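# Remarks on the overall topology
Here is what each chain is made of, one letter per residue.
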Amino acid sequence: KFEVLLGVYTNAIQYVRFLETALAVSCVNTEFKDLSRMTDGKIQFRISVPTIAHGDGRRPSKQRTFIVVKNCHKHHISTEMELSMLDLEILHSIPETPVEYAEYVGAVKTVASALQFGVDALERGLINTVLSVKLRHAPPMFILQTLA
Amino acid sequence: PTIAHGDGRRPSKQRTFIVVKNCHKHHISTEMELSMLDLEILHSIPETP
Amino acid sequence: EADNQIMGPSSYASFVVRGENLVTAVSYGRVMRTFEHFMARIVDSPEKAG
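Residues numbered from 1 in each chain as written, not as in the entry; some residues may be left out. Chains lettered and ligands numbered in written order. Part of a larger assembly, values for the part shown. Heavy atoms only, no water.

Per the PDB record, this model was obtained through cryo-EM at a reported resolution of 5.5 Å.

Chain C goes by Major capsid protein in the PDB entry, where it is assigned to Epstein-Barr virus.

As annotated in the PDB entry, chain A carries the name Major capsid protein and is attributed to Epstein-Barr virus.

This is the structure we're talking about:
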């Protein structure tokens, strides 16, 4: 008489890439290796506005110009992972015997898993930080239609 | 998994769950009657029609 | 919808206690599905990921 282990299953996590969601359709992604040095970013617009000449005596506004400045806004993302001290140690040591080998790849699997969790949870941050930037700048519809 | 949060707040550590399902056993029974006379006839070999 | 038909399997998938599972059943009283699979993943390709 026995008892049977029918199955063992592990949830598999699919990678999520920002550049492959349709949220990025509203964004233009440029990479900047050393953004950590930039103090401030800036974009400056210059616009010149035409007029209509009229027969009427009323004074006509002269040539007009408009200059608008925009600035960069920085965002920061942080994540924390914890690892056993027993686990990091056996990474260094070579496996002496078969049980010490199986216990070894069990350590490299765990350390690797933690790293995947760290880098993955960084992609969720891009998707959220972008999505939050919009909802911060999205005025409601009932205000917008009249104003358009 | 988790999301890295721009808001300043303590991060959550990596976590795992372990959940166990177990079987259920079912039992089913039926009864069949075989006539005593029928069994005896089956056992022998027939000669007369 | 004029379908009224579905393709299915015509036979059950079988589970049998073989020599590896059988030895464990006698000695320890514990049986694990696909001892073949567990051994393939533990003793044969440990390096390989899932």
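From this point, the discussion proceeds with the structure in view.
## Structural notes on the interface of chain C and chain A
Taken residue by residue, the interface counts 10 residues in chain C and nine residues in chain A. Carbon and sulfur atoms supply 61% of the area buried between chain C and chain A, which totals about 890 Å² over both sides. On the chain C side of the contact with chain A, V31, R33 and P46 of chain C bury the most area, a combined 45% of that side's loss. At the surface where chain C touches chain A, the tally comes to one salt bridge. (Contact = heavy atoms within 4.5 Å. Buried area = accessible area lost by both parts, 1.4 Å probe. Salt bridge = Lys/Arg side-chain N within 4 Å of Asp/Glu carboxyl O.)

## Here we look at the packing of helix 1 (residues 85-92) of chain A against helix 2 (residues 98-136) of chain A
All names here are of chain A. Between helix 1 and helix 2, whose axes approach to 9 Å, the crossing angle comes to 115 degrees. Note that helix 1 runs across helix 2; the crossing there is left-handed. Here helix 1 contributes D87, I90 and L91 to the contact with helix 2, which in turn contributes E103, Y104, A107, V108, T110 and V111. The residue inventory of the contact of helix 1 with helix 2, partitioned by class, reads six nonpolar, one polar and two charged. (Axes fitted to C-alpha atoms, helices over the stretch in contact; angles between N-to-C directions. Helix = DSSP H or I, 4+ residues; strand = E, 2+ residues; numbered from the N terminus. Left-handed = near helix turned anticlockwise from the far one by under 90°. Nonpolar A, V, L, I, M, F, W, Y, C, P; charged D, E, K, R; others polar.)

## Considerations on the interface of chain A and chain B
Accessible area lost upon the coming together of the parts serves often as the stated size of an interface. Taken together, the contact pairs 17 residues of chain A with 11 residues of chain B. Where chain A abuts chain B, roughly 1300 Å² becomes buried across the two surfaces, and 60% of that area is made up of carbon and sulfur atoms. Joining chain A to chain B, the criterion identifies one salt bridge. In this structure, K13 of chain B and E82 of chain A form a salt bridge, with 3.9 Å as the shortest nitrogen-oxygen distance. At the junction of chain A and chain B, the tally comes to two residue pairs in polar contact. (Polar contact = N/O pair within 3.5 Å; in protein donor to acceptor, adjacent residues only side chain to side chain.)

## Observations regarding a nonpolar patch on the surface
On the surface, a cluster of nonpolar side chains totalling about 520 Å² of accessible area is made up of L5 and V8 of chain A together with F38, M39, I42 and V43 of chain C. Of the residues forming the nonpolar patch, the biggest block, four residues, is contributed by helix 2 (residues 35-44) of chain C. Overall, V8 of chain A belongs to the exposed group, its relative accessible area being 57%. (Patch = residues over 30% accessible without salt bridge, like charges linked within 9 Å, V, L, I, M, F, W, Y side chains within 5 Å. Areas by Shrake-Rupley, 256 points an atom, 1.4 Å probe, with all protein chains shown as cover. Buried < 20%, exposed > 50% of the residue type's maximum accessible area, 1.4 Å probe, protein only.)

## A word on the pairing of strand 2 (residues 42-49) of chain A
Residue and element names in this part refer to chain A. Among the eight residues of strand 2, zero are classified as buried, and the element is accordingly described as predominantly exposed. Looking at chain direction, strand 2 and strand 3 (residues 64-71) are connected through eight bridges and run antiparallel. From the neighbouring strand, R46 faces strand 3, where its bridge partner is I67. (Pairing = 2+ DSSP bridges.)

## Remarks on unusual backbone geometry
Residues and elements named next belong to chain C. Even without being a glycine, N4 presents a positive backbone phi close to 55 degrees. Topologically, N4 is positioned in the segment before helix 1 (19-27). Phi is positive for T34, which is not a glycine, with a value near 55 degrees. Tracing the backbone shows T34 in the loop between strand 1 (30-32) and helix 2.

## Points about the pattern of salt bridges
For side chains bearing opposite charge, pairing can occur when the charged atoms are close. Residues and elements named next belong to chain A. Under the definition given, this model contains six salt bridges over all chains. Between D56 and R58 there is a salt bridge whose closest N-O contact spans 2.7 Å. On the basis of relative accessible area, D56 is assigned to the partly exposed category, the value being 37%.

## Notes on the side chain of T2 of chain B
Structurally, the position occupied by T2 of chain B is in the segment before helix 1 (36-43). Classification of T2 of chain B by relative accessible area gives buried; the value is 14%. Residues in contact with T2 of chain B, not counting those within four places in the same chain, are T79, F117, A121 and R124 of chain A together with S12 and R15 of chain B.

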